[PDB]
Amino acid sequence: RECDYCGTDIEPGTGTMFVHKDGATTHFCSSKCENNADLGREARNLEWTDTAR
Amino acid sequence: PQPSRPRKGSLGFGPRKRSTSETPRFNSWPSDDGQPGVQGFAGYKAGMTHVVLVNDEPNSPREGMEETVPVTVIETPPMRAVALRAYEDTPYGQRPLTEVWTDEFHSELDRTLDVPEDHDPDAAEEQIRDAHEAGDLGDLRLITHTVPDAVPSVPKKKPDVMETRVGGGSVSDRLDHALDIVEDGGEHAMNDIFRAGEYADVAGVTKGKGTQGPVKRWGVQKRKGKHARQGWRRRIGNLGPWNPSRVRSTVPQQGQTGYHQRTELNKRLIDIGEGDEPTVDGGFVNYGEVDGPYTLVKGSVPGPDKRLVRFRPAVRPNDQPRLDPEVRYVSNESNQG
Amino acid sequence: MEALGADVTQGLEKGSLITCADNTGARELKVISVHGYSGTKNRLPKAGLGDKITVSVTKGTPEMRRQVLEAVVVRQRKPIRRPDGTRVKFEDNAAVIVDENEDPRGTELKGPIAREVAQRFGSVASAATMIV
RNA sequence: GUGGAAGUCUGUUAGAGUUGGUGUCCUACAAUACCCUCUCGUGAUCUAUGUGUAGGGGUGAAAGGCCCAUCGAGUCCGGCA
RNA sequence: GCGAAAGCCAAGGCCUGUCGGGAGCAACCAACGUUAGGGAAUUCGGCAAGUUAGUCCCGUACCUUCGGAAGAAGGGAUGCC
RNA sequence: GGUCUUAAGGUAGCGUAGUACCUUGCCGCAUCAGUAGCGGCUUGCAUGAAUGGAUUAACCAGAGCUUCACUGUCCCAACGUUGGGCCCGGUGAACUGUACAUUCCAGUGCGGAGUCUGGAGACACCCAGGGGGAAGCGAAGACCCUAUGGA
RNA sequence: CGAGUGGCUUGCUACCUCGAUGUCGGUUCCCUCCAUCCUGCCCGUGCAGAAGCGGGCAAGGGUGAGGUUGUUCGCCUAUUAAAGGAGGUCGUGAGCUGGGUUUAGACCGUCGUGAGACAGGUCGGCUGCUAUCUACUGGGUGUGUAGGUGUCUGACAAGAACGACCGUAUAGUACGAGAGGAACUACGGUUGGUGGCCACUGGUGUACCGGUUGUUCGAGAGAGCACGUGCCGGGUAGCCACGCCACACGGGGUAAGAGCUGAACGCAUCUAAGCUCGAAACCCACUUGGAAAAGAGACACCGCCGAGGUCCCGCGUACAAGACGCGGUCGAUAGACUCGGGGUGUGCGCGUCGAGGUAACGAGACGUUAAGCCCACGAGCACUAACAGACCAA
Ligand SMILES: [Cl-]
Ligand SMILES: [Cl-]
Ligand SMILES: [K+]
Ligand SMILES: [Mg+2]
Ligand SMILES: [Mg+2]
Ligand SMILES: [Mg+2]
Ligand SMILES: [Mg+2]
Ligand SMILES: [Mg+2]
Ligand SMILES: [Mg+2]
Ligand SMILES: [Mg+2]
Ligand SMILES: [Mg+2]
Ligand SMILES: [Mg+2]
Ligand SMILES: [Mg+2]
Ligand SMILES: [Mg+2]
Ligand SMILES: [Mg+2]
Ligand SMILES: [Mg+2]
Ligand SMILES: [Mg+2]
Ligand SMILES: [Mg+2]
Ligand SMILES: [Mg+2]
Ligand SMILES: [Mg+2]
Ligand SMILES: [Mg+2]
Ligand SMILES: [Mg+2]
Ligand SMILES: [Mg+2]
Ligand SMILES: [Mg+2]
Ligand SMILES: [Mg+2]
Ligand SMILES: [Mg+2]
Ligand SMILES: [Mg+2]
Ligand SMILES: [Mg+2]
Ligand code: NA
Ligand code: NA
Ligand code: NA
Ligand code: NA
Ligand code: NA
Ligand code: NA
Ligand code: NA
Ligand code: NA
Ligand code: NA
Ligand code: NA
Ligand code: NA
Ligand code: NA
Ligand code: NA
Ligand code: NA
Ligand code: NA
Ligand code: NA
Ligand code: NA
Ligand code: NA
Ligand SMILES: [Sr+2]
Ligand SMILES: [Sr+2]
Ligand SMILES: [Sr+2]
Ligand SMILES: [Sr+2]
Ligand SMILES: [Sr+2]
Ligand SMILES: [Sr+2]
Ligand SMILES: [Sr+2]
Ligand SMILES: [Sr+2]
Ligand SMILES: [Sr+2]
Ligand SMILES: [Sr+2]
Ligand SMILES: [Sr+2]
Ligand SMILES: [Sr+2]
Ligand SMILES: [Sr+2]
Ligand SMILES: [Sr+2]
Ligand SMILES: [Sr+2]
Ligand SMILES: [Sr+2]
Ligand SMILES: [Sr+2]
Ligand SMILES: [Sr+2]
Ligand SMILES: [Sr+2]
Ligand SMILES: [Sr+2]
Ligand SMILES: [Sr+2]
Ligand SMILES: [Sr+2]
Ligand SMILES: [Sr+2]
Ligand SMILES: [Sr+2]
Ligand SMILES: [Sr+2]
Ligand SMILES: [Sr+2]
Ligand SMILES: [Sr+2]
Ligand SMILES: [Sr+2]
Ligand SMILES: [Sr+2]
Ligand SMILES: [Sr+2]
Ligand SMILES: [Sr+2]
Ligand SMILES: [Sr+2]
Ligand SMILES: [Sr+2]
Ligand SMILES: [Sr+2]
Ligand SMILES: [Sr+2]
Ligand SMILES: [Sr+2]
Ligand SMILES: [Sr+2]
Ligand SMILES: [Sr+2]
């Protein structure tokens, strides 16, 4: 599985899945990603992200 | 109305003092059943990682499915069963009678013992077999030691020495079995004793925390609300009633916490191998890299990384064995991060 | 009860106010008790995903308000752990009013439900639109 | 719109005070202190110096408050051993 | 900056709100920072802590001695170039 | 009762009150549940008109109650910061002390004993600790009574 | 109606204490009692079942959260297997609280000519001490047993180390007309308690990296101060719980109870002798301590001119002093350096762009740049430092 945020692969037996209000689903590999997302930042605008890269 | 409430902490692990031997000492051994065999082994704790296993439990709704399981990596290189001690039965319990030693000793066993230069293995054996003839022979055990040198992550070279009982068929047969091991050179491994999937009891001296107060040491409450601002935050209400006019040893007080021997029952052995498959990227934090004989124990094990841990076939297993669990993945992701 | 199939860290207590994810007419629910639970001195009774709880209606239609009813927790903000290690958390805390037989009193569920819950209360599941 | 009243409002301006913490202290820094919070701050305001009222007497927006760490009758010495 | 406010800095003064050395420096205490989910369940009592906050625009109830209530409430804005 | 003491016999109002013993009065509101609070009732143990009654905008570090918001008050505690604490150099008190004193369990005794009796336990010394006991230390009990005491 | 036990209520007495033994309630923390609320095992029933009701053994464990009220008590609510009662100076203020009671201020009702009074109501109203002894929790130094190392024994000691519940199969079965509706046993899970651990999730992280406000160092760069981070965002190690792991079966002897054989008393009789069974309770099993167990222990090897040990040195798996553990060139013990593994988020400088503006100037954007900065971790590596060396010892 890939992180629906930064793009990197999610180490099996790890990460969290956030279930949005409408039922959507976002798989995060770490708190760092969740926390940037919570700040309203978009992964493509963050240079360190695979997505961005 | 003064609601009930269990007491704070167990009264069965005391006194809560510093352990006398850092090397754990079992106070019980498995029962005698199968062919003779050493009833224990030892290794050094390295760290933890996780693995993904195929569910074994034939009574589980998830049988045959992926399951992530925490694992503690223990380096378990070969040990040397260096001697055979015999115990005789006496009106005052079991007492050491004699020992049968060898000739080949690891190059550094002399960092702990005064290795034998002149010994007579036959007079000793004779005395032992005579004791068996007389019927005054108590259990049989092997003087065993580890080879720290084979473990780079562990600084020590001074071997750790422990006695491990030999159980098995008939005494005559295991007595012979014991002598065999010893005489060789004593070299034996984790395989010779355990098989992946079996349950072992692990013993170790817990991580030390020096002096700690009742809240941390015994799990008593902290003062609450307004009671926490008057000058007392982490002190118990009182040391006892007016009478008896003395403080009972049962009231939670400050003192040594940690560095106590503990025997953790029924730890499932997930995998016994050798190499660097379980090792972690960057190296296990505060330990080093694993590349050699190792054992993956399910869950946690007492003690800090590098401490000597001891294994023994579980003496009170709750479940039946499900040998060689299928490991589909062993995490090697860095433990820093 | 039947094994849930996941590890839960109760994210609610007696008195917590939560969303009523159905069309019964109740908008907000207050937790009064947790079925089968028995705690310890000074411990506030806690409830989480999969628990059946007694509730009182705090917000909703006049007819529903103040009624004391049974419900099932279907979503919570505090994470839960699935057999594969992944944690799962929702956008809010929600429950569905249920009757003596555990059948949803309402006719439609609102928002997603946890697969673990659906499996324990099938009739509640056979009313869900999304099951995460 | 002008005007700029007020025992008027906000305000750690100066300055005055002291609701709560029943915090700190409680052989104290201190025989009444420390910190935060809090109240007043153009007036029956606050403040310095000078000056007057004296003990069954003063003074008192009155609490038996105050009259030099003491007041339901000051202090000193005497009556007095 | 509204400011004799805060904060920072000059002129000027000081290192004397006058015992030092050492241990990643433990328990415990005094001040204090950060705490997931729940959110007053705590307690005699929201005690303690927190929340809100400056300025501009919109807008503002009951009641009223018509002065007031009122910054009621509630909503929006706020930098740099 | 349908007057009598002792002059009159409680009017407007308010009322279970900072006054109501009974009392958590009864009805209602609000809460999952409210000896609270508010509204109503009211025969008021024992309200009531300058011993002022009623009422009331504004004001209040005044008493009680509810709600929104918020939060480590709590569930249930954790980690961290500064100063102490701990070890070292120097400086260097006080409180307290009939004696003896390593105590514990029972009993006894002026009936609430480290010291008496019977048992049990107990090798000496030292460090840190939180304070069970010494009916701990501090103050010739402010309560109560007594005194042919004081004010 | 009669006979008792307790010392939880109240009263009585005035034996102890007035050169003082600080009230109630609550809180915190520990031990106990049984007249048992639940849980285990039983007996009876107006016992079909399910369930009630009554009784017996039994104190291992549990007995919880909330609303009024200072309340104890009690009333009330939803949960629960059940939400038992009582003793410990009505346990617990040299532990906390200070709401009630019970000083000085004040009000009301009633009483009193009045001062004033009233287990009537009401608002406000102070909680000192550096532990000498003893007690206990932990940590040391000595002596005794009587050269050293390593391994043990186990007298004794502690434990609740485990208690309870839900669900599934049994089974819509037995039972019952039906309604309703079990059990043995085997399983899965939850809860309370317990011990440990950090791969996972979460918290912290005044290491670190970044953003940014005011001000000062002329600007820039780079910095100080704004309380022990100015504020905000992220977060490594470590520590933690909200995270994760582990916490019996089986024996032995009994109680109540069910019986066998069995006589006194030819019969009968579970009892008098004997015996078979039978509780969460008792003992063992399991965990933890434990040679100072004065009968002061056992074994093996080493050594008495030398085994072993101390000082010293580099360090932590340890740690308040002390103690403990490891390494010391026969070496990777610590540091430097370089890789690896991590944190942050794209450096300075320069070049292009940039709303505009004659120009000067210009917030900011892109590129260089997965950049720059940083690391309590790992590996490699004797480069530096574990050197030199002093001493005890049958
Ligand atoms: Cl407390
Ligand atoms: Cl509840
Ligand atoms: K007295
Ligand atoms: Mg990590
Ligand atoms: Mg990670
Ligand atoms: Mg409580
Ligand atoms: Mg003057
Ligand atoms: Mg929090
Ligand atoms: Mg409460
Ligand atoms: Mg406050
Ligand atoms: Mg009323
Ligand atoms: Mg009149
Ligand atoms: Mg006197
Ligand atoms: Mg008096
Ligand atoms: Mg007089
Ligand atoms: Mg008397
Ligand atoms: Mg006293
Ligand atoms: Mg009984
Ligand atoms: Mg029945
Ligand atoms: Mg008991
Ligand atoms: Mg008492
Ligand atoms: Mg006391
Ligand atoms: Mg006191
Ligand atoms: Mg004190
Ligand atoms: Mg009061
Ligand atoms: Mg007066
Ligand atoms: Mg009185
Ligand atoms: Mg009062
Ligand atoms: Na204090
Ligand atoms: Na006391
Ligand atoms: Na005008
Ligand atoms: Na004050
Ligand atoms: Na006078
Ligand atoms: Na000086
Ligand atoms: Na009157
Ligand atoms: Na005023
Ligand atoms: Na806090
Ligand atoms: Na004491
Ligand atoms: Na009696
Ligand atoms: Na019991
Ligand atoms: Na109550
Ligand atoms: Na007392
Ligand atoms: Na008390
Ligand atoms: Na006190
Ligand atoms: Na008290
Ligand atoms: Na038995
Ligand atoms: Sr009590
Ligand atoms: Sr051993
Ligand atoms: Sr043992
Ligand atoms: Sr206090
Ligand atoms: Sr006593
Ligand atoms: Sr004014
Ligand atoms: Sr006060
Ligand atoms: Sr404060
Ligand atoms: Sr004072
Ligand atoms: Sr003002
Ligand atoms: Sr002015
Ligand atoms: Sr005076
Ligand atoms: Sr005189
Ligand atoms: Sr200057
Ligand atoms: Sr000086
Ligand atoms: Sr932070
Ligand atoms: Sr409250
Ligand atoms: Sr409450
Ligand atoms: Sr606003
Ligand atoms: Sr009238
Ligand atoms: Sr009036
Ligand atoms: Sr004696
Ligand atoms: Sr102390
Ligand atoms: Sr006395
Ligand atoms: Sr009994
Ligand atoms: Sr029962
Ligand atoms: Sr009482
Ligand atoms: Sr009552
Ligand atoms: Sr009262
Ligand atoms: Sr009174
Ligand atoms: Sr009071
Ligand atoms: Sr002697
Ligand atoms: Sr069933
Ligand atoms: Sr049916
Ligand atoms: Sr600073
Ligand atoms: Sr701010
Ligand atoms: Sr019997
Ligand atoms: Sr000995």
Side-chain angles (χ1 to χ4, degrees), chain A residues 13-14 16 32 35 39 47-48 53, chain B residues 3-4 6 10-15 17 22 28 48-50 59 70-71 85 93-99 112-114 116 143 155-156 161 163 206 208 210-213 222-227 229-232 234-243 245-256 259 262-267 281-283 285-286 288-289 299-300 302 304 306-307 316 318 331 334-337, chain C residues 1-3 9 11-16 32-34 36-41 43-45 54 56 68 77-79 81 85 87:
Chain A
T14 292
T16 307
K32 182 181 177 175
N35 291 313
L39 294 171
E47 282 182 290
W48 58 267
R53 290 172 183 169
Chain B
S4 286
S10 174
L11 253 16
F13 296 81
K17 53 174 287 182
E22 191 168 302
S28 266
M48 294 188 77
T49 70
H50 61 285
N59 298 301
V71 145
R85 169 176 281 175
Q94 307 192 311
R95 296 194 172 177
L97 198 169
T98 33
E99 293 154 45
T112 335
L113 330 166
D114 282 315
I143 302 297
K156 70 205 291 191
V161 186
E163 192 174 301
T206 62
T211 71
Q212 298 297 321
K222 305 199 315 177
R223 300 235 171 165
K224 298 303 176 182
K226 185 174 295 178
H227 301 306
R229 296 179 247 126
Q230 313 305 310
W232 295 261
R234 309 177 117 276
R235 300 181 184 182
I236 66 170
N238 65 269
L239 304 176
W242 195 308
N243 281 302
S245 305
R246 62 200 170 71
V247 178
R248 268 194 258 249
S249 57
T250 53
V251 333
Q253 303 196 63
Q254 154 258 60
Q256 246 294 314
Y259 204 69
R262 289 283 184 278
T263 294
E264 202 124 334
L265 283 31
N266 306 327
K267 295 303 206 190
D281 285 325
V285 183
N286 283 299
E289 308 173 324
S300 49
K306 299 192 187 181
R307 210 191 280 324
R316 50 180 292 183
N318 287 313
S331 184
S334 177
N335 277 1
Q336 299 172 64
Chain C
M1 295 198 266
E2 179 186 54
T9 296
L12 310 174
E13 327 190 319
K14 185 180 182 74
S16 299
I32 295 175
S33 296
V34 180
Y37 186 79
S38 177
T40 188
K41 187 190 174 182
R43 176 171 298 176
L44 321 191
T54 288
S56 94
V68 177
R77 293 190 172 107
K78 188 66 178 176
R81 187 171 59 78
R87 304 297 179 179

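What's counted below: heavy atoms across the whole structure, side chains too, no hydrogens, waters or symmetry copies. Naming: A, B, ... by sequence-line order, numbering from 1 per chain.
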**OP:** Would you check if D:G17 and D:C38 are a Watson-Crick or G-U wobble pair, both distances kept under 3.5 Å?
**Re:** yes

Original post:
Taking protein heavy atoms under 4.0 Å as touching, what does nucleotides 367-387 of chain G look like 5' to 3' if B marks base contact, S marks sugar-phosphate-only contact and - marks none?
Top reply: ---B------BBS--------

Original post:
What does nucleotides 72-92 of chain G look like as a protein-contact string, B for base, S for sugar-phosphate only, - for none, at under 4.0 angstrom between heavy atoms?
Top reply: -S----BSS-BB----BB-BB

Original post:
Do C:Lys78 side-chain and G:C242 base share a donor-acceptor contact under 3.5 Å?
Top reply: yes

Original post:
Any chance G:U63 and G:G331 qualify as a Watson-Crick or G-U wobble pair, both distances under 3.5 Å?
Top reply: no

Original post:
Counting only Watson-Crick or G-U wobble geometry with both distances under 3.5 Å, does G:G328 pair with G:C165?
Top reply: no

**OP:** Report the residues that fulfil side chain to side chain contact (heavy atoms under 4.5 Å, CB included) with B:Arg223, sequence neighbours left out, ordered by chain and then residue number.
**Re:** B:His227, B:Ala228, B:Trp232, B:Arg235

Original post:
If you take atom types as modelled and just measure distance, does the side chain of B:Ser300 reach the base of G:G196 with a donor-acceptor pair under 3.5 Å?
Top reply: yes

Original post:
Would you say the side chain of B:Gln253 and the base of F:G130 hold a donor-acceptor pair, judged only by whether the two atoms sit under 3.5 Å apart?
Top reply: yes

Original post:
Are G:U190 and G:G7 base-paired in the Watson-Crick or G-U wobble sense, both distances less than 3.5 Å?
Top reply: no

**OP:** Taking the purine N1 to pyrimidine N3 distance and the second Watson-Crick contact, or the two G-U wobble contacts, each under 3.5 Å, tell whether G:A65 pairs with G:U77.
**Re:** yes

**OP:** Classify the side chain of C:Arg87 and the base of G:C200 as holding, or not holding, a donor-acceptor pair under 3.5 Å.
**Re:** yes

Subject >> Any donor-acceptor N/O pair under 3.5 Å between G:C299 base and B:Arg85 side chain >> reply: yes

**OP:** Could you tell me whether C:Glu13 contacts a base, only the sugar-phosphate backbone, or nothing, with contacts defined as non-hydrogen atoms closer than 4.0 Å?
**Re:** base

Original post:
Using Watson-Crick (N1 to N3, and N6-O4 or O6-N4) or G-U wobble (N1-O2, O6-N3) distances under 3.5 Å, do G:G316 and G:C324 pair?
Top reply: yes

**OP:** Indicate, with a heavy-atom threshold strictly under 4.0 Å, whether B:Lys156 touches base, sugar-phosphate, or nothing.
**Re:** base

**OP:** Would you kindly check whether a donor in the side chain of B:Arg246 faces an acceptor in the base of G:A135, or vice versa, at under 3.5 angstrom?
**Re:** no

Original post:
For G:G356 and G:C361, do both pairing distances fall under 3.5 Å in a Watson-Crick or G-U wobble arrangement?
Top reply: yes

Original post:
According to a 3.5 Å cut-off on both distances, are E:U78 and E:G54 Watson-Crick or G-U wobble paired?
Top reply: yes

Original post:
Does a distance-only test, which skips hydrogens and angles, find a donor-acceptor pair under 3.5 Å between the side chain of B:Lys267 and the base of G:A246?
Top reply: no

